[PDB]
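What follows is a short report on a single structure.
FYI, it's all coordinate maths here, none of it is from the lab. Neighbour counts are summed over all protein chains in view; Cβ atoms, including those assigned to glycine, are modelled from backbone coordinates with ideal geometry.
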Amino acid sequence: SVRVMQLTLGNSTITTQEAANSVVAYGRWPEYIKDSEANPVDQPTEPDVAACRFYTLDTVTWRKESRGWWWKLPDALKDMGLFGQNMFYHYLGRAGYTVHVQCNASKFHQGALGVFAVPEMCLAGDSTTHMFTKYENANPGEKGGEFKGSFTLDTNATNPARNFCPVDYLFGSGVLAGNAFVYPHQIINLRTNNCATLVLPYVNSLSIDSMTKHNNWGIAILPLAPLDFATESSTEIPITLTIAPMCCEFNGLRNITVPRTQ
Amino acid sequence: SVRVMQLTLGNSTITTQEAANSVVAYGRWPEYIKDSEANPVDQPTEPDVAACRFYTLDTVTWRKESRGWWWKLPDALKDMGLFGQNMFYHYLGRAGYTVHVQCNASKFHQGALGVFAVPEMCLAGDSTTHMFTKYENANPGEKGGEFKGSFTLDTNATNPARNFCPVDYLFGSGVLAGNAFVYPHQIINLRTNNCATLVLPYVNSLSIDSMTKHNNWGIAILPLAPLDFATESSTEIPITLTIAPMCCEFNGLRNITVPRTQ
Amino acid sequence: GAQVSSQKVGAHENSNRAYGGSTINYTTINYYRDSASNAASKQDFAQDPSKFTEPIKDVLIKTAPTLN
Amino acid sequence: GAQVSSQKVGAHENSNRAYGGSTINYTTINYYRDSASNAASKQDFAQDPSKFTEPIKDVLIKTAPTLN
Amino acid sequence: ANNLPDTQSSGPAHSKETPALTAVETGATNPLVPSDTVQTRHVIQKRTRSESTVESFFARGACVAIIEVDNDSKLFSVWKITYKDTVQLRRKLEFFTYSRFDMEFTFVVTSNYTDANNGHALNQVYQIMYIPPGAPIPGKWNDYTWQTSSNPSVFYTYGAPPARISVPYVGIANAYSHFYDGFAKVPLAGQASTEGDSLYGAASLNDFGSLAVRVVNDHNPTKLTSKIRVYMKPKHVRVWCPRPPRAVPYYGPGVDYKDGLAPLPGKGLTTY
Amino acid sequence: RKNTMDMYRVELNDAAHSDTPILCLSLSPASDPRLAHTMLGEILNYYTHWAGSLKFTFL
Amino acid sequence: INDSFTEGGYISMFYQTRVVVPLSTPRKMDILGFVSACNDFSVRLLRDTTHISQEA
Ligand SMILES: COc1ccc(OCc2ccc(COc3c(Cl)cccc3Cl)cc2)c(Cl)c1
């Protein structure tokens, strides 16, 4: 039925008994580069089962006060097994994804989470200096980031944070959040479903790019209807994020990249 | 001609203008596991170009006093790019190799090196305790080891070295070195060739095995005729070893193995 | 289920039986189900030593120059 | 009254006899009238475990929901 | 196991073909025959290599163990199955890296009175029980383990022709390894040195199990000793990867050496 | 719990998410104490070698 | 038998999210585990078990 599914990729399987169908972004399933759209001339590496499998990133907790969370792809998976290895050993890389967000509660809980997949999800910074966010802050990895309820300008001139300041109702980029529904999405309304499943093809203005310099997709999760339970002002339910890269192919092998951190 | 060749694997090419043909061990070219000889049921990973390419291990120097050198496969390549990554991430692994030994001199130099590829190259230890050599000593990695001119028993009971003591004329295993010619080999006689090239298929009593627990091939280089030059008692010529794994396929993916060292 | 093979007669008796007939044949019948119980037939084949004697990639003629 | 069956050859000798002929067959003859005196043929069949593994009245598919 | 080629007559030569010259650097052996370097006559070859086939080379029962039992815990003995307790068969097997065959075991049993003028006993019956790795090992010459409801046992009556049984290819790999360049464990980073340590060149701690031998008769105060000599013959043989034979004395189950390291005698370079 | 009906029960709770294991086992079907006495383990103890796939069902 | 050469690996279980129950519901519950062989499973070399003994 629309509600029961099983996803198998490599050596990993995911089962769900409360789905609300699955979304295939823009109606496009991920695919490899065709010869007619090929650019780099060298033989690509395609790890296949070693990289195209389900990786579970860290679990976040939803509370009445949560504003939202965000992650960047392939960034969030840079340290994930052999996918991360191939990402750092190659100059160029390409991949699609199957994003599976998990969140179960009970029949006496309420709340709705909007799960959006955004191509080129550029976020707003914290200073008066334009495009000032530094690489280390823009790429948090598997832990991702969070949305805020208001904009707060960083004034420390001696030691600028050079970080993002994504305000939730402004979708972290100066647009109204209610219009974010034009992007592939699903809603995890506690009275209806457990999860959200989105299949994302590779989207870019090029056939292949640098995975370290460029993040193709952004995953934004916003509480559309806040978490509430029985009478417990105190309520916490975890949100686990499991993502699997698809049709990975890398070009331009050399020595490994070791990016600067923190 | 028998003397000029070019080997291309992945993004690496080797050229030689003074070869003496190439040896294909036991007349078998490396191949992948056939369905009729398959054992582990999971889908294998085949890195292909990312792992099957030429890796240059450290250069050793040949002097009038050198006794010989040895390496173990896949051990010597455990830290080599994506080949090493796949080796450590998988429980099982299989690979063949193209071993290219390099050694050029001049028309006024003499010397002959015997290059042997030995399946299950077990070496002799240094103590009265049988099979006492410890894992860390048996697996030196890319730096490999050396042969000795005589057997010297380790007597330190408090701190036994638990190392090998490979005597050269005993082929490091209690057999006469002159009979080592029953193993696939080539000879680098300075007046004739620059190198030795050996193509090694996967040899084992199983179709696939643990690459960390077991070394399939051993490479032994012994000075059959010592290095000599003009009148320079002082002469040193480097010996570079370049090896390329072939038809790599791994099974049993999990978390990465981090072996104990030194 | 009898297997009848012929022997390779070494020393010959002054008989025609030493040169022909069932007199230079031997009979065999397996009594056990497991092949392990069987004796060795000893009608064993040979092969080409080339895999050891000439494991060379580019085949060479003895009359022709090895180093070319 | 001889019964000739074939063996399942495990280790093969470097002979063609190890791959064919009466050399991979074994012969049997019963000497006693009572079947109790007979040896075990060991050419034994198998069966479906379903009577134990799935003694269910309404047959179900693994892909399909068990509880329907 | 066949014929050798005939020698063809060969006359004189004056050509640009020089089979006598070669280059052993290639790793190949020069396939010359007499007619390549001398004038030969035609000889019809009748010699064959029938006795040097891999099968005929091993087709002999070799002693691999001498198990002893004293019928006055010695009332029973246990022998860990191996081919390395003796040297002769071991050296022949080690001409190759891997092997695959069936085995035939013949047991020669001898016994005698320790005392020239004392004691007496009725004819002895022996039980040779095979204990596959995992099965319970006997603690007493008469405990429950000797019931052999599943383990294969051989009951031998003293004086009868030597007992004999056949064993199939029982390896857990596709061939037996005469050499194993590895360990059964990989020491992991962080664990105590006591951890992850194993013998070099060893596979399973108990490869093939062992044999438990005992005299079934009730022991009499008489002093008696028996010895079971185990003979094994590989039949239906296949071998892979030749290796040079052992030149120095064996020093354990491994390739370790220690003592007879100078096997060759002296001989003048120009002395016939 | 061993040697009582409680040896078969593994308890879970509604506590906040933790990354620590609920249970751990080694794939030694004939020797691991938790597997050695199941019908599968009992049969494996009458044989020296085993090969094949296994499946664990949780209720 | 327990032997490193033929070791099989590890089985473990973790919470993906967490067990959630509403009010008036038990906060602790049990799970039971079952094990069986697949259709490609086989055993060989009949031997005696250590699971049964007999004293005297
Ligand atoms: C590479 O060379 C090899 C490989 C394996 C070997 O031993 C394997 C082996 C396994 C089981 C048995 C058990 O055999 C027996 C039985 Cl069922 C019943 C009674 C007596 C015996 Cl004796 C005997 C040998 C030997 Cl000796 C040499």
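Is it true that F:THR20 is more than 30 Å from A:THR235 (Cα to Cα) and more than 7 Å from chain G (Cβ to nearest Cβ)? Talk me through it step by step, then tell me what you get.
Numbers: more than 30 Å from A:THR235 (Cα to Cα): no; more than 7 Å from chain G (Cβ to nearest Cβ): yes.
It is false that F:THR20 is more than 30 Å from A:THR235 (Cα to Cα) and more than 7 Å from chain G (Cβ to nearest Cβ).
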* Selection from the range E:140-173 of residues that are over 26 Å from F:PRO29 (Cα atoms), of a type in the set (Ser, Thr, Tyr) and more than 15 Å from the ligand (Cβ to nearest atom) -> E:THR157, E:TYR158
* **Unique residue being of a type outside the set (D, E, K, R) and more than 13 Å from chain E (Cβ to nearest Cβ) when the list is B:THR152, B:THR129, B:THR158, B:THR133** => B:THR158
* To do: Please work out which residue is surrounded by the most Cβ atoms within 10 Å (Cβ to Cβ), limiting yourself to the range E:180-189 and to residues that are among the hydrophobic types (A, V, I, L, M, F, W, C) and either within 15 Å of the ligand (Cβ to nearest atom) or part of a loop (DSSP other than H, G, I, E, B) (or both).
  => E:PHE183
* Asked: What residue, of C:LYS8, C:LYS51, is out of contact with any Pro (no Cβ under 9 Å at 6 or more places or on another chain), charged (D, E, K, R) and over 29 Å from B:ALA25 (Cα atoms)?
  -> C:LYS8
* To do: Within the range B:174-200, track down each residue that is buried (at least 21 other Cβ atoms within 10 Å of the Cβ) and part of a loop (DSSP other than H, G, I, E, B).
  => B:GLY174, B:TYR183, B:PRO184, B:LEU190, B:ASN193
* Taking the range B:224-262 as the search range and keeping residues that are in a loop (DSSP other than H, G, I, E, B) and polar (S, T, N, Q), which one is farthest from B:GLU142 (Cα to Cα)? -> B:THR231
* Inspect all residues belonging to the range G:29-37 and state whether any of them is in contact with a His (Cβ under 6 Å, 6 or more places away or on another chain) and over 24 Å from F:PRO21 (Cα atoms). => no
* To do: Within the range E:208-223, count every residue that is out of contact with any helix residue (DSSP H, G or I) (no Cβ under 9 Å at 6 or more places or on another chain) and within 15 Å of the ligand (Cβ to nearest atom).
  => 5
* Asked: Within the range E:243-251, is even one residue facing chain B (nearest Cβ under 8 Å), within 16 Å of the ligand (Cβ to nearest atom) and not in a loop (DSSP other than H, G, I, E, B)?
  -> yes
* Asked: Looking only at the range E:135-166, which residues are among the hydroxyl-bearing types (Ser, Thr, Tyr) and within 25 Å of the chain's Cα centre (by Cα)?
  -> E:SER153, E:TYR156, E:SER166
* Does D:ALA18 fit the bill of being surrounded by 12 or more Cβ atoms within 10 Å (Cβ to Cβ) and closer than 22 Å to C:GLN3 by Cβ? -> yes
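Any idea which residue in the range E:59-92 is nearest to E:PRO253 (Cα to Cα), counting only those that are assigned to a helix (DSSP H, G or I) and near the ligand (Cβ under 10 Å from one of its atoms)?
Here the residue is E:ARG90.
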* Asked: Restricting attention to the range B:199-215, does a residue exist that is within 12 Å of the chain's Cα centre (by Cα) and among the aliphatic types (A, V, I, L, M)?
  -> yes
* Can you name every residue in the range E:27-58 that is loosely packed, with under 13 Cβ neighbours inside 10 Å and part of a strand (DSSP E or B)? -> E:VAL43
* Asked: When you go through E:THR37, E:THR29, E:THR53, E:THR48 one by one, which is the residue that is more than 16 Å from the ligand (Cβ to nearest atom) and within 14 Å of chain B (Cβ to nearest Cβ)?
  -> E:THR29
* To do: Can you run down the residue pairs with Cβ atoms below 9 Å, 6 or more apart or on separate chains, where the first is in the range A:60-76 and of a type in the set (S, T, N, Q) and the partner is assigned to a loop (DSSP other than H, G, I, E, B)?
  => A:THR61/A:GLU236; A:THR61/F:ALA16; A:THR61/F:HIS17; A:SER66/A:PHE147
* Answer residue from the range B:83-116, given it is in contact with a helix residue (DSSP H, G or I) (Cβ under 6 Å, 6 or more places away or on another chain) and in a strand (DSSP E or B) and is surrounded by the fewest Cβ atoms within 10 Å (Cβ to Cβ) among those -> B:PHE116
* In the set E:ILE137, E:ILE131, which member is of a type in the set (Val, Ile, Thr) and either within 13 Å of the ligand (Cβ to nearest atom) or under 30 Å from E:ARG243 (Cβ atoms) (or both)? -> E:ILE131
* Structure fact -> Taking the range E:103-125 and keeping residues in a strand (DSSP E or B) and away from the ligand (no atom under 12 Å from the Cβ) leaves E:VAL108, E:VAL109, E:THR110, E:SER111, E:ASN112, E:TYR113, E:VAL125
* If you take the residues of the range A:38-87 that are of a type in the set (S, T, N, Q) and away from every other protein chain (no Cβ under 11 Å), which of them is nearest to A:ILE14 (Cα to Cα)? -> A:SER66
* Structure fact -> From the option list E:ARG214, E:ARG238, single residue qualifying as outside any loop (DSSP other than H, G, I, E, B) and within 12 Å of another protein chain (Cβ to nearest Cβ) is E:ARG238
* A:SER150 over 14 Å from the mean Cα position of the chain (by Cα), of a type in the set (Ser, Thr, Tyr) and closer than 26 Å to A:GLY27 by Cβ -> no
* To do: Mind listing whichever residues of the range E:93-102 are in contact with a helix residue (DSSP H, G or I) (Cβ under 7 Å, 6 or more places away or on another chain) and within 9 Å of the ligand (Cβ to nearest atom)?
  => E:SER99
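In the range C:42-68, which residue that is out of contact with any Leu (no Cβ under 7 Å at 6 or more places or on another chain) and of a type in the set (D, E, K, R) is farthest from the other protein chains (Cβ to nearest Cβ)?
C:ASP48
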* Asked: Any idea which of E:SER226, E:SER177 is hydroxyl-bearing (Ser, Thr, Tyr) and either within 12 Å of the ligand (Cβ to nearest atom) or within 12 Å of chain B (Cβ to nearest Cβ) (or both)?
  -> E:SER177
* Kindly list, by first and then second residue, each pair from a residue in the range B:97-115 that is under 11 Å from B:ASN189 (Cα atoms) to a residue that is hydrophobic (A, V, I, L, M, F, W, C) and outside any strand (DSSP E or B), limited to pairs with Cβ atoms under 6 Å and residues at least 6 apart or on different chains. => B:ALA105/B:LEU190; B:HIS109/B:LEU190; B:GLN110/B:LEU190; B:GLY111/B:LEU190
* What number of residues within the range G:1-49 are over 28 Å from D:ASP48 (Cα atoms) and within 7 Å of chain F (Cβ to nearest Cβ)? -> 20
* Residues that are buried (at least 16 other Cβ atoms within 10 Å of the Cβ) and more than 9 Å from chain G (Cβ to nearest Cβ), drawn from the range E:122-152 -> E:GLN124, E:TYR126, E:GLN127, E:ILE128, E:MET129, E:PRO138, E:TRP141, E:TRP146
